[PDB]
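As structure tokens, the structure follows; a few thoughts come after it.
Note that ligands are numbered from 1 as they come in the structure, with each ligand's atoms numbered from 1 the same way. Numbers here are sequence positions counted from 1. Excluded from the calculations below are hydrogen atoms, water molecules and symmetry mates; all remaining heavy atoms, backbone and side chain alike, are included.
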Amino acid sequence: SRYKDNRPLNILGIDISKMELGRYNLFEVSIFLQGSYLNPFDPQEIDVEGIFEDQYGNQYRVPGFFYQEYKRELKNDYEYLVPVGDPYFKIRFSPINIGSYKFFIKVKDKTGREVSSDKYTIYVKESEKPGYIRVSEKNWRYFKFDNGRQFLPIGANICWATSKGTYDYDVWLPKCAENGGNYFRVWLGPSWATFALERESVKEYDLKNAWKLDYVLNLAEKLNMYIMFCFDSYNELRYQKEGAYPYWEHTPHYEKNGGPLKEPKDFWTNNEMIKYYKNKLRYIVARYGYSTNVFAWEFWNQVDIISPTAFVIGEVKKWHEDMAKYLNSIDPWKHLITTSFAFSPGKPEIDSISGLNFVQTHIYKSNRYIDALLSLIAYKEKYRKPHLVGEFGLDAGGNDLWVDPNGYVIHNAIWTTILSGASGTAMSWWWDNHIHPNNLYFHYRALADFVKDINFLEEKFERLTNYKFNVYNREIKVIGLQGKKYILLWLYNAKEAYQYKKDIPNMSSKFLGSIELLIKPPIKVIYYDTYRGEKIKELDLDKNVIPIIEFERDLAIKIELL
Ligand SMILES: OC[C@H]1O[C@@H](O[C@H]2[C@H](O)[C@H](O)[C@H](O[C@H]3[C@H](O)[C@H](O)[C@H](O[C@H]4[C@H](O)[C@H](O)[C@H](O)O[C@@H]4CO)O[C@@H]3CO)O[C@@H]2CO)[C@@H](O)[C@@H](O)[C@@H]1O
Ligand SMILES: OC[C@H]1O[C@@H](O)[C@@H](O)[C@@H](O)[C@@H]1O
């Protein structure tokens, strides 16, 4: 209770960031107050709310949150945050409609006393921002922004920093964004994570780490990147003797460390833990919900590999149902909600919950992973909602780093997933020790430039079905999509795609073979170098047999039905 107060409830001062702002931009209110509360993160101790109303009758009830300002510095190799001023409360709002808004502040503390501000008026002008990310109503396999443009996530996991903290994101994010990236994922647990809110406690949240997450979210805003926030990771509920980077013995949830839980199984049903978890959801909505750069709320990283002593499917399912309902109810902007599993096929009992707006796959497989990705993407079409391959690698043990310095594994996965019908690219691990130092971003740039012009929401793509390969030289396979106006092909050499020793292909002319498709000419055929990210050749065709030019590892082909 380092932040307690014991004074009569009074608003002392209010600062407003701007009186005029653009659609979907941040409107921030700072509130100085006194009151009676033992825990500023607990709404039963103090409840700050901002009540906003547009000129179309829509009302928004925005929870407020406790805030400490910091000034960051880099002490050679670690980030250091200096507190600036006393902590205070904030409200963060984002307007969906333009025009005028009225708002006021309401505060209630543990005594039952309630105080409020007068009403203030702000004006909202049109902006360039596309809005929040939703599931597409036109094609449930894909995401859209509120303004109807597609959101096709291209990026990687970038889940935590080194000791350099936000200074690492200063480096990684601009590199990702200038190479076609618009997506990453961050972890808000376990307590060692850069953005861990439950660092020393599950009752009070870490104001330094929350400030770091502010900073990174603001950088994503400047770079037009969209973030999945992963609230908790399985390690928190996994015993040391179970391996796999366990953390139960160190986690604040455990009674040994001051928490309410005698064992991780009790996480799902312990009344005190559920209360604190809802307080955390409220804090996250309060502090970050305004942002259109929050792509999704993700409850768990791999909840199926918590301790087997703790995984009771019926309880984990009910907890996801109840928390998704609660989170959706308090989130004024109704961000997408998801969860994840280490088991690649997932858990249908949980994945089919209506409150989870999209499903995910994690897969670390070294042999024939192209076929595995295709099979999992076909399988999870049964849920009739988008599918994100949220984690991908060769090997949970990290063999990728030395067996595949050129990123061919990442390459294979991002082309396979996009041209198999997934909502976006397979999302690689190893951002810090592999993608960045080996400068693998060019793979994303090539893929982004191939798909940028394609409107996946209107193409009605289906997996390519009725093709005939005529190739004698080699064993070529194809992953493809057939749409109303485009056919997109990724061809790969089955005997080269899984070998990682050779240099990046630096190809060339010759005829290799052909593929004929169930389509009607005339057509324009574009051959695309997937490593340089360039058109190689264009060809106008009068019939349905597509020549395949020579290529070393893989080749993309874009066919336009004229
Ligand atoms: O160094 C900072 C921080 O690292 C922590 O360990 C990390 C580890 O370095 C590595 O990045 C690991 O990546 C996992 C990650 O958990 C993914 O969600 C996913 O998972 C796997 C899981 O970890 C097991 O290996 C499991 O058997 O297989 C899962 C995949 O199916 O895969 C990634 C690659 O393995 O993440 C851990 C943390 O989870 C800690 O060492 C910490 O002390 C340290 O500060
Ligand atoms: O910023 C990402 C990485 O960049 C490198 O050049 C070093 O400065 C690392 O300390 C840092 O973690």
(message) Rounded at 0.5 Å granularity, tell me how far SG in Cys159 sits from CG in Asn301.
(response)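 Nearest 0.5 Å value for the SG-CG distance: 7.5 Å.
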(message) Check whether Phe195 forms a cation-pi arrangement with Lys212 (NZ or CZ under 6.0 Å from the six-membered ring centre, at most 45° off the ring normal).
(response)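 Here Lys212 fails the 6.0 Å and 45° test against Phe195.
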Enumerate the atoms of ligand 2 whose separation from the nearest heavy atom of [X] is less than 4.0 angstrom.
X: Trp172; value: 2 (C)
X: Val171; value: 1 (O)
X: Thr162; value: 12 (O)

(request) Assess the pair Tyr247 and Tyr239: is the distance between their ring centroids shorter than 6.0 Å? (result)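 Between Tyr239 and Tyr247, which both carry aromatic rings, the centre distance is not below 6.0 Å.
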(request) Give a yes or no on whether the ring-centroid distance for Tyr277 and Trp319 is below 6.0 angstrom. (result)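 Yes, they do, as the ring centres are separated by less than 6.0 Å.
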Polar contacts were defined as any N/O atom of the residue lying under 3.5 Å from an N/O atom of the ligand; does this apply to [X] and ligand 1?
X: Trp429; answer: yes
X: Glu391; answer: yes
X: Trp187; answer: no

Which residue and heavy atom of the protein sit nearest [atom], plus the separation:
atom: atom 26 (C) of ligand 1; value: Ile305 CD1, 4.1 Å
atom: atom 42 (C) of ligand 1; value: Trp192 CE2, 3.7 Å
atom: atom 6 (O) of ligand 1; value: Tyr245 CD2, 3.5 Å
atom: atom 3 (C) of ligand 2; value: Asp168 OD1, 3.8 Å
atom: atom 9 (C) of ligand 2; value: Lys164 NZ, 3.7 Å
atom: atom 27 (O) of ligand 1; value: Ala244 CB, 4.2 Å

Applying a strict 4.0 Å limit to heavy atoms, is [X] in contact with ligand 1?
X: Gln302; value: yes
X: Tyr247; value: no
X: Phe343; value: no

(request) Return yes when at least one protein heavy atom is under 4.0 Å from atom 6 (O) of ligand 2, and no when none is. (result)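 So atom 6 (O) of ligand 2 lacks protein heavy-atom neighbours under 4.0 Å.
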Of all the atoms in ligand 1, which lie at a distance below 4.0 Å from a heavy atom belonging to [X]?
X: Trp160; answer: 2 (C), 7 (C), 11 (O), 36 (O)
X: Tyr234; answer: 16 (O), 22 (C), 23 (O), 24 (C), 39 (O)
X: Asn235; answer: 38 (C), 39 (O)
X: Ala396; answer: 25 (O), 28 (O), 34 (C), 35 (O)

(request) Begin with the C-alpha distance, continue with both residues' side-chain angles, and end with the deciding distance and a verdict on side-chain contact (heavy atoms from CB on, under 4.5 Å) for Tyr183 and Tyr226. (result) CA-CA 5 Å; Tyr183 165 92; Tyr226 299 86; 5.7 Å; no
(message) Other residues, nucleotides and ligands only: do more than 12 of their heavy atoms fall within 6.0 Å of NZ on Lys129?
(response)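 Enclosed.
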(request) Using a cut-off of 6.0 Å, state whether more than 12 heavy atoms not belonging to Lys208 lie near its atom NZ. (result)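 Counting other residues, nucleotides and ligands, NZ of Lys208 exceeds 12 neighbours.
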(request) Show the numbers, then the answer: is there a side-chain contact (heavy atoms from CB on, under 4.5 Å) between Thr338 and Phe299? (result) CA-CA 7 Å; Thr338 190; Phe299 285 118; over 6 Å; no
(message) Ring-plane angle category for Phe295 and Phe151, please: parallel below 30°, perpendicular beyond 60°, tilted otherwise.
(response)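 Judged by the thresholds at 30° and 60°, the geometry between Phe295 and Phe151 is tilted.
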(message) Would you say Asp77 and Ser163 are linked by a side-chain donor-acceptor pair, where the criterion is simply a distance under 3.5 Å?
(response)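 No pair is found: no donor N or O on one side chain lies under 3.5 Å from an acceptor on the other.
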(message) Here's a test for you: under side chain to side chain contact (heavy atoms under 4.5 Å, CB included), which of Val478, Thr530, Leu464 qualifies with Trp490?
(response)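 Among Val478, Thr530, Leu464, the one that satisfies the side chain to side chain contact (heavy atoms under 4.5 Å, CB included) with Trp490 is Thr530.
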(request) For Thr194 and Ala161, work out which heavy atoms get closest and say how close. (result)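 Heavy-atom minimum between the residues: OG1-N, 2.8 Å.
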